[PDB]
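The block underneath contains the structure these notes are about, expressed in structure tokens.
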Amino acid sequence: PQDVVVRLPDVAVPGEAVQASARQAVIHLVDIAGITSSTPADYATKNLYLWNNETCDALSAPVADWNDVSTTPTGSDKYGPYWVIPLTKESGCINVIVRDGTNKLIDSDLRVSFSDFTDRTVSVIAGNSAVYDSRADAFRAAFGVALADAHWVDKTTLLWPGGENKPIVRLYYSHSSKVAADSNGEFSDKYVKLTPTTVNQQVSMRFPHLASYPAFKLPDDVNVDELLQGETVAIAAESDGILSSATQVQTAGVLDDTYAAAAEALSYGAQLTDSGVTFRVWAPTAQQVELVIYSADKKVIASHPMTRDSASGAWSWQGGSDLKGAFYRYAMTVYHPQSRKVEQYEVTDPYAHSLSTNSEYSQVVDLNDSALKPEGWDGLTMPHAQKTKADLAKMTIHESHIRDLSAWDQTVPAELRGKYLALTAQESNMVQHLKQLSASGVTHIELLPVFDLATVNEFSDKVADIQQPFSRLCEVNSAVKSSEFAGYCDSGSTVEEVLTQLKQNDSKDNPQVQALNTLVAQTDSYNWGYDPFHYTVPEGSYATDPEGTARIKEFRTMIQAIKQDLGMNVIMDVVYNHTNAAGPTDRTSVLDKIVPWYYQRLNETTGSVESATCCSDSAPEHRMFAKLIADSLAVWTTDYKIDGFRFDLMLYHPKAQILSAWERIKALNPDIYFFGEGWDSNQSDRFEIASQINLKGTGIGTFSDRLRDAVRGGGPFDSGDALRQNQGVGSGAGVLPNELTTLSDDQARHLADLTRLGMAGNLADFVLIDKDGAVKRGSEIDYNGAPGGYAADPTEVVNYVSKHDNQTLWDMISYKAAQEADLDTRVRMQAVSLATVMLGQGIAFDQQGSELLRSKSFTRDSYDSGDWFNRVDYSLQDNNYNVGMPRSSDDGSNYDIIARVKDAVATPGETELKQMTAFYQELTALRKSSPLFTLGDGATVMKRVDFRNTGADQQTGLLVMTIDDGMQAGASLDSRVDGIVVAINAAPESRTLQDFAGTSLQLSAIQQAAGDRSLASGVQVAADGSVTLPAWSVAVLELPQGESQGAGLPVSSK
Ligand SMILES: OC[C@H]1O[C@@H]2O[C@H]3[C@H](O)[C@@H](O)[C@@H](O[C@H]4[C@H](O)[C@@H](O)[C@@H](O[C@H]5[C@H](O)[C@@H](O)[C@@H](O[C@H]6[C@H](O)[C@@H](O)[C@@H](O[C@H]7[C@H](O)[C@@H](O)[C@@H](O[C@H]8[C@H](O)[C@@H](O)[C@@H](O[C@H]1[C@H](O)[C@H]2O)O[C@@H]8CO)O[C@@H]7CO)O[C@@H]6CO)O[C@@H]5CO)O[C@@H]4CO)O[C@@H]3CO
Ligand SMILES: [Ca+2]
Ligand SMILES: [Ca+2]
Ligand SMILES: [Ca+2]
Ligand SMILES: [Ca+2]
Ligand SMILES: [Ca+2]
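In PDB author numbering, the protein residues as written are 30 to 1083.
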């Protein structure tokens, strides 16, 4: 009122000094600092460095002497200097650097492509590294709103670097337009002034990554709720009111400080009460929300302006009970900072609980209706207990996929192939194999994404699968008509048949199976599905009918068949760490359309949605997304009876967030198990991440990569010859070397430390003898510079040697096994590999089909490689090995080593698969054959679990583990044995154990029953108590328990 007027510099927008003529380019330097006059700031010291050579070669005679300053401006006007630059051809690009003497002003070897600016007349500006098409663009950028490095973090606090040490600091706002300069070049919209302040600790706690930011203070009476209705720009100016900078404002902090407290007390979605249906959606910044209501054929039949609750920021409307079954969306009117527009669009409900086909509309549903439950649903019990640490330890997971399970199975009814309902085909090969796996002690099926994914089109008409005519492929995929496979549109054979014919002439120089499959991938039904569209509705394409609630009942039918007929618990993979899209445009941007910039994690400076996850990084560190997650998990827990959840990329989540979620779900069902996967994150600066280290002692499990890398060999980044040289314990590291490896005995001995430690459950405090005979705690064994042991209890550790991502176990072994290793040796290598997991104290996890030697033709990342490369054949003809070179984009640089190694031995057939299945069932039956394998508690494991054959002079590749049921340990947990010995001999030599001489040790009953089909076939226990172990074998032995408890196998104090 008294205030200085903030404004542009009173000078017109500059035109162009010179346009370039033929064989010329022109470069303007827009001296912005000078144009707010005073000094004529001489331009003779200004100069260009121009050099050609690689990348850009269009200049005509570049002065390559770096010091030579002589290339000074051709002329100047009041807006600065400019340069006329001769060229060779005028189509191309040039390399330029801009300098004040040998000093320098644009921290970047900048470049001028003539393909963008075809008049070759561009402008730049001291500091910016951008290349503008005119001085006016540059000038406007210089004085226009840019980036979004202002953070309105609570009601009275704005963190912003742009305002540091500036007299005028203000928050401008326009409810309905962009904030911009006047007809008079002034900023006339309303504003609040910001007084410099010091940030506080409540906000330093909340935003540690922003704590070095200049803090600014808002009058205690600012009408916050009105500022968040529109656009909010932060602006800084000098004493004359001329603008220094202006940026957009990230508002997520102040939205939580303002509304989260009230909004967490509310329930969301379309909710059947007894008064009818209540709709509520959280839209704290929206200007309008209307509830549109749709007919069965998707016509508008009502549109209701909703009631905004001023405290929560949530919008609600109460309607009739006849809205049950109606399709609906929210018609939003809302400012989006990305587009700087008050957008208008219809968004489906992020709390949707049912959907129309391909998720176009959300649908009012009562999940409690018996109409959407299969008969007996409410009685469904957990076939396996999860209460105690010992209960959880017995967990043995089968990581599976809806289409992997049934797509190829001719014994599944055609219409159920690739569907939730394939699991009811009680006499299919797939289902009876799973029933057998369960019988032998697989306990858990883990489901790859069955929530609503984005990346399969649920309109069946727009989708062709390889089991269908190839002409169907051409109809729905127009790229096919314009490719080397066009001839097959009339062939009258299926895509499956065409792919089989392409095997014959397929090689590293004719990778044609992959070439056709790549196009199939775009329009088939196949995807892992790590692409969330709606978090709390079943995927529609796995239903026999994706329109409406059909999927809800079919899914639960599937859940029933796994728990009741199959006798297994059920785990869901869940992806709360990202969304499929953000912004106001994209079909699958849901959350970021309704409350823009609140649900995604943004770069502190630009405000861009980060993509470290792959995609649109979500922001689970914000309260209303934490609630969304917990409410979502609750529905899956209560309404779908899911027994546990695997968090994808769990370290992009705050530890406190996961724990808070777990407590909410423990409150509904105390035995639900939580675990997740995580290795990169790099979000440590924003909060304490949900990582392997930090989660110690919480009871949240994590995939361990330690044993995995030690038994598989190498790591996930390997390519080329490293895939072969990096043998593991499972593939003969240092005992049966191949022709390329260099692994020393020490390197091999270290892998074995990682593997014992993992078999004892990868505890930090478990004490063992290392490769050099030194005493070490699990934390003290090294895993690529990190402590190897990180857990408090073994139930915090999930062990595995194969998984959906990266190469399958069989393919790793094929990469790494010595040529002399024959097929049966490779089969036992698979079995010994898996024994380190199945006989270990950690939770046991494994890829569907390891019991069938599953291959993906060396495909490392098969998320989109279709029915073809992920084939699992429950008719036991082969293991899908050698069905073509894998996709070139991701595996092309491995074609050389593949062709070199691929044909060392024969492709596994029915005999080998059947042999492997028995090996597998033997191991899992052993895992549950005695409680000593699954002690549960970490203090119990240290007290009872020990190793032999340790130290520098160990027999390489021979793991000997003891479990004690004797007196030094406490109660006899097994009323049949006093102790157990697990001997895994991953070596070509036979080995003899003397540690148990004259002690009445004996082979386990399970292995003795399997005869010469046992992994222990050929093991002899002498009367003097020595044990002979055949090459490549796994033996489990027992101390028989007498009339009272014996002395067992006490752990030594090291
Ligand atoms: O998200 C990434 C990744 O995370 C997980 O891996 C973790 C792992 O479990 C930990 O043990 C550890 O990783 C260490 C690793 O095991 C060691 O081998 C070593 O790695 C070094 C390599 O030896 C060395 O060669 C080099 O790596 C370079 C590669 O040679 C080069 O090709 C490129 O890497 C690219 C890959 O080739 C390419 O496949 C792709 O990587 C993807 C993964 O394959 C995919 O599985 C997933 O990776 C997860 C993995 O599943 C987890 O287990 O996504 C990846 C997307 O990037 O793309 C790569 C990028 O171009 O560049 C690297 C440059 O380093 O150096 C490495 C690093 O020292 O030490 C490892 C330490 O990281 O931690 C990781 C956490 O990432
Ligand atoms: Ca131009
Ligand atoms: Ca879907
Ligand atoms: Ca696909
Ligand atoms: Ca970051
Ligand atoms: Ca006992």
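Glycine included, every Cβ here is placed at the ideal spot set by N, Cα and C.
Problem - Endpoints, the beta strand (DSSP E) within which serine 152 is located - result: 150-153 is the span of the beta strand (DSSP E), which, as asked, contains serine 152.
Problem - Cβ neighbours of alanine 572 in the same chain (closer than 6 Å, five flanking residues each side left out) - result: The residues are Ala579, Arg580, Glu583.
Practice task
Between the Cα of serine 385 and those of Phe562, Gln712, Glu255, spot the shortest distance and give me the residue it belongs to.
Solution key: It is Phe562 whose Cα lies nearest to the Cα of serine 385.
Problem - Residue range of the unbroken beta strand (DSSP E) whose run includes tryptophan 181 - result: For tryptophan 181, the enclosing beta strand (DSSP E) starts and ends at 179-183.
Handout entry: beta-carbon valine 1065 near ligand 8 non-hydrogen atom, thresh 7 Å
Key = In terms of ligand content, the structure shown lacks ligand 8 and carries ligand 1, ligand 2, ligand 3, ligand 4, ligand 5 and ligand 6 instead.
Handout entry: Supposed close pair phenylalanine 245, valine 182 - CB separation, criterion 8 Å
Key = Rounded, the Cβ-Cβ distance is 10 Å, inconsistent with contact.
Handout entry: CA-to-CA distance, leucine 772 to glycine 761, given in whole angstroms
Key = About 10 Å.
Exercise for the section: Keeping to the same chain, check which residues put their C-beta closer than 6 Å to that of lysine 1083; ignore five residues upstream and five downstream. Expected result: Cβ within range, chain order: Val796, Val804.
Exercise for the section: Quick one: using the 10 Å Cβ neighbour count with 16 as the cut-off for buried, is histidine 238 buried or exposed? Expected result: Its Cβ having fewer than 16 others within 10 Å, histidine 238 is exposed.
Handout entry: Assigned exposure category for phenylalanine 948 - 16 Cβ within 10 Å defines buried
Key = A buried status is given to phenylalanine 948, since no fewer than 16 other beta-carbon atoms sit within 10 Å of its beta-carbon.
Practice task
Determine the closest residue to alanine 610 out of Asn632, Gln496, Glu639, with distance taken between C-alpha atoms.
Solution key: Minimum Cα distance to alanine 610 is reached at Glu639.
Exercise for the section: Kindly identify the DSSP beta-bridge partner or partners of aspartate 106. Expected result: Looking at the DSSP output, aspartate 106 bridges to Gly109.
Problem - Where the beta strand (DSSP E) containing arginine 358 begins and where it ends - result: Annotation for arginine 358: the continuous beta strand (DSSP E) segment containing it runs 356-365.
Practice task
Taking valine 125 as part of the beta strand (DSSP E), name the residues at either end of that continuous run.
Solution key: Segment 122-129, the beta strand (DSSP E) holding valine 125.
Handout entry: Beta-carbon proximity list for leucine 765, same chain, < 7 Å, skipping 5 on both sides
Key = Excluding five sequence positions before and after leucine 765, the CB atoms of its chain that fall closer than 7 Å to its own CB belong to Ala847, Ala850, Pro1017, given in chain order.
Practice task
Consult DSSP for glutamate 389 and reduce its assignment to one of helix, strand or coil.
Solution key: In the three-state reduction of the DSSP assignment, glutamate 389 falls in the coil class, being assigned neither a helical nor a strand state.
Practice task
With distances taken Cα to Cα, identify the nearest neighbour of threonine 417 among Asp994, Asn132, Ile701.
Solution key: Per the C-alpha coordinates, the member of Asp994, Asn132, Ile701 positioned closest to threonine 417 is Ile701.
Practice task
Helix, strand or coil for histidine 462, going by three-state DSSP, please let me know.
Solution key: Three-state result, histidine 462: helix.
Handout entry: Local conformation of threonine 946 per DSSP, three classes
Key = If DSSP states are grouped into helix, strand and coil, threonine 946 belongs with the helices.
Problem - Cβ neighbours of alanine 70 in the same chain (closer than 6 Å, five flanking residues each side left out) - result: Correct list, in chain order: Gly63.
Problem - Extent of the continuous alpha helix (DSSP H) run through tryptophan 346 - result: No alpha helix (DSSP H) contains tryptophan 346, which is instead part of the beta strand (DSSP E) from 343-348.
Handout entry: Sub-8 Å separation of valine 989 and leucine 952 beta-carbons
Key = No, these two residues do not count as a Cβ contact at 8 Å.
Exercise for the section: Report yes if the CB atom of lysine 670 is closer than 8 Å to the CB atom of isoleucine 591, and no otherwise. Expected result: In this structure, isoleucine 591 does not lie closer than 8 Å to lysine 670 by Cβ.
Handout entry: From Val151, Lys222, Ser144, residue whose alpha carbon lies closest to that of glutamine 31
Key = Per the Cα distances, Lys222.
Problem - Contacts around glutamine 543, its chain only, beta-carbon distance under 7 Å, and the 5 residues preceding and following it disregarded - result: Cβ neighbours of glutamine 543 beyond the five flanking positions: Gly913, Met914, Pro915, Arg916, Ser917.
Exercise for the section: Provide the residue span of the beta strand (DSSP E) that contains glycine 757, from first to last. Expected result: Membership of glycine 757 in any beta strand (DSSP E) is not indicated, and neither H nor E is assigned to it by DSSP.
Exercise for the section: Inspect the CB distances between the segment 117-134 and the segment 72-83 and report whether three or more fall short of 8 Å. Expected result: By the Cβ criterion, the segment 117-134 is in contact with the segment 72-83, since at least three pairs of Cβ atoms, one from each stretch, lie closer than 8 Å.
Exercise for the section: Could you say which of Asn791, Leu548, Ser217, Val278 lies nearest to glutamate 633 if we only look at CA atoms? Expected result: The shortest C-alpha separation from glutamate 633 is found at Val278.
Exercise for the section: Starting from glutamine 279, trace the beta strand (DSSP E) both ways and give me its first and last residue. Expected result: For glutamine 279, the enclosing beta strand (DSSP E) begins and ends at 272-279.
Handout entry: Cβ-based neighbour list, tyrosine 161, same chain, cut-off 6 Å, excluding 5 preceding and 5 following
Key = Counting only Cβ-Cβ distances below 6 Å, and skipping sequence neighbours, we find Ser152, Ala167.
Handout entry: Closest Cα partner of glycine 730 within the set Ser710, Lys684, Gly757, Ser1055
Key = Cα-wise, what sits closest to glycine 730 is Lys684.
Handout entry: Limits of the unbroken alpha helix (DSSP H) element including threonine 969
Key = Note, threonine 969: alpha helix (DSSP H), 967-973.
Practice task
Could you check if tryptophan 1061 is buried or exposed, using at least 16 other CB atoms within 10 Å of its CB as the buried criterion?
Solution key: Under this definition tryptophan 1061 is a buried residue.
Exercise for the section: Taking the CB atoms as reference points, tell me whether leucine 409 and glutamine 593 lie closer together than 8 Å. Expected result: Yes.
Practice task
Taking only runs that begin and end inside the segment 781-861, name each unbroken beta strand (DSSP E) of 3 or more residues, in chain order.
Solution key: The qualifying runs are 796-798, 804-806, 826-828.
Exercise for the section: Confirm, please, whether the CB-CB distance from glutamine 877 to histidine 430 is below 8 Å. Expected result: Yes, the pair counts as a contact, with Cβ atoms nearer than the cut-off.
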